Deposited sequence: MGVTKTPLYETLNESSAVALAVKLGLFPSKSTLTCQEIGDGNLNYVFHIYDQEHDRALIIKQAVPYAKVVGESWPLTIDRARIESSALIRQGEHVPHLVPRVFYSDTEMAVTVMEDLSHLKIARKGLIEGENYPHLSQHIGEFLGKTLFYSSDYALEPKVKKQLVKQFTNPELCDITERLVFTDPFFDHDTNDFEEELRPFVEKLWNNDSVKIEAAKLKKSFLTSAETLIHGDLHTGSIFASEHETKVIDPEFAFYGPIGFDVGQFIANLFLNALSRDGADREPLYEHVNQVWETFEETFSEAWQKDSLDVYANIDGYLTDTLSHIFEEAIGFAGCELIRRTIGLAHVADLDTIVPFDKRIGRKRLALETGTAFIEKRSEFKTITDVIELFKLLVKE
C-alpha cells in the first residue's frame, strides 16, 4: 500500500534525533524547523512528482562526499515519504536576501568556486569509470524538473509564450529579443547542450537564493534540479545571479559583485584544474592543451547559460527580488532593460571572450 502522507508540524515532530514551525518560502516544498539543538525536515508536496525529493537527498549526500563543509549534513532520507532530514542552517542568511540588504560576503565566491570545481569534476567521466558514471546518469535522470528549466530558462522568454511576466514598459525591448533570429539560434544551441550533454551531475538551480551565507560560512542548498548535464551550467547560473545583484546596486557598491564574478571563475578554474591533475582517470588528461581547451569550452557555455539566466529572470515566469524591488519604477524598467541587453550580449559573444575579466569589462560598459 502507498506510504506517502503529507506531513504537518506535529507529524514532523522516532528517528532518535520540542516545538516546530513550517518555514518554507515556496509552496511545493514544506520545510519544518524543529528546536536544544535544532533540525530541518523538508518534504515534497505532490503538479510535480515527489520523486524530486529522492534526487535532492541523493544529490546532497553526493556533494557532501567532496565538499561536506559547503552543504548541510543529511541525517536521514526517505523516498516514499519524500523526506530529507538535514542540518539546521537558520543561523545563516539566504545569500540573495543578504546581498540585497548590502552584505558583501567576502568568501562567497571562494566557497562557491570550490563547490563548483569539486562537485562538477568528481561526478564526470574525467573522474569516474564511464560504466559507473552511466549508472549515476540513470539514478539522477530528472525529467520533470529538467522540463521546468528547458522551458523557463531556454525557451519561453524568447517567444510570446504565456508563462512570461513583464511590465508593458519593457515590451519594445522584449520584442527586439523575439525578433532577433541570431541570438535565438544561439539560445537553441545552448538548450540543445542542456538537453543532451550528460557531462556531470549538476545542481541545476544554483542561484543566490539556493545559498546560505554569513561572513565566514557558505552552504549550498536545494539541489532538487540535479541531473547529468553540461559542466558550464551551474557556473553560468551563479555568475548571472551575481550580475543580477550588481544591476540592483549603484556605482561603487557594485564592485564587490564584480570581484565575486572574477573570483568564482578563478577559484572554479583552479579547483577544477587541481582535481584534474590529481584525480583524472583519463589517459588523455596530462597532454598539454587538453585541460586548457576543456576549460575554454566550459567557460564559453557558462557565459551563454549566464545570458539565458539574465534574460529569463527579467521577463520570464520566475523573477528575482534583485530586479523586482528596484525603486523607483522607471529605474526598475531601465535596469531590467540592461539585464536583457547584457544577457543577449553574453549569449551572442560567449565564444569571443578570452577571460572572466573580458566578461566583467563588457558588462560594466553596457551598464554605464
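*Asks:* What stretches of this chain's deposited sequence are missing C-alpha coordinates?
*Replies:* In the chain as deposited, 1-5, 19-22, 27-32, 51-54, 66-74, 397 carry no coordinates.
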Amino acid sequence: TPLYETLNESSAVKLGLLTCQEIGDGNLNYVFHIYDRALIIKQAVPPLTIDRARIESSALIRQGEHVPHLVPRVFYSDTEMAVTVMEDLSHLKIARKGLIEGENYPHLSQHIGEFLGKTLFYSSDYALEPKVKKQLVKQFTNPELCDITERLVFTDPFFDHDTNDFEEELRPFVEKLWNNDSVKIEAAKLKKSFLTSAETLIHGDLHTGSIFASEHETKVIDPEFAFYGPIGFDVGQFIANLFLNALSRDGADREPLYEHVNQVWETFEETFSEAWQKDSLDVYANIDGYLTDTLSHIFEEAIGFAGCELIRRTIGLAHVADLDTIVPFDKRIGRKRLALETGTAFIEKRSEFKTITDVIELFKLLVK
From here on, numbers count along this sequence of modelled residues.
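*Asks:* Answer yes if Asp36 is missing coordinates in at least a third of the other compared entries, and no if every one of them models it.
*Replies:* Residue status for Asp36: gap in at least one third of the other entries.
*Asks:* Note whether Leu15 lacks coordinates in a third or more of the other compared entries that model its flanking residues.
*Replies:* In all of the other entries, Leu15 has coordinates.
*Asks:* Taking the recorded C-alpha temperature factors, which stretch has the higher mean, 301-309 or 62-70?
*Replies:* 62-70 has the higher mean C-alpha B-factor.
*Asks:* Can you let me know which of the two, 112-120 or 168-176, has the higher average C-alpha B-factor in the entry?
*Replies:* Per the PDB record, 168-176.
*Asks:* Taking the Cα B-factors listed in the entry, which of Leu242, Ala226, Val220, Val85 comes out highest?
*Replies:* That would be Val85.
*Asks:* Could you say whether, by C-alpha temperature factor, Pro46 belongs to the lowest, middle or highest third of its chain?
*Replies:* It belongs to the highest third of the chain when residues are ordered by C-alpha B-factor.
*Asks:* What third of the chain, by the recorded C-alpha B-factor, contains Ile360?
*Replies:* Lowest third, going by the recorded CA B-factors of the chain.
*Asks:* Please rank the C-alpha B-factors of the chain's modelled residues and tell me whether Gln139 sits in the lowest, middle or highest third.
*Replies:* Within its chain, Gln139 is a middle-third residue by C-alpha B-factor, going by the deposited values.
*Asks:* With respect to C-alpha B-factor, does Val153 fall in the lowest, middle or highest third of the chain as deposited?
*Replies:* Its C-alpha B-factor belongs to the middle third of this chain's values.
*Asks:* Using the B-factor values recorded in the entry, state whether the Cα atom of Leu7 falls in the lowest, middle or highest third among the modelled residues of its chain.
*Replies:* For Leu7, the deposited C-alpha B-factor lands in the highest third.
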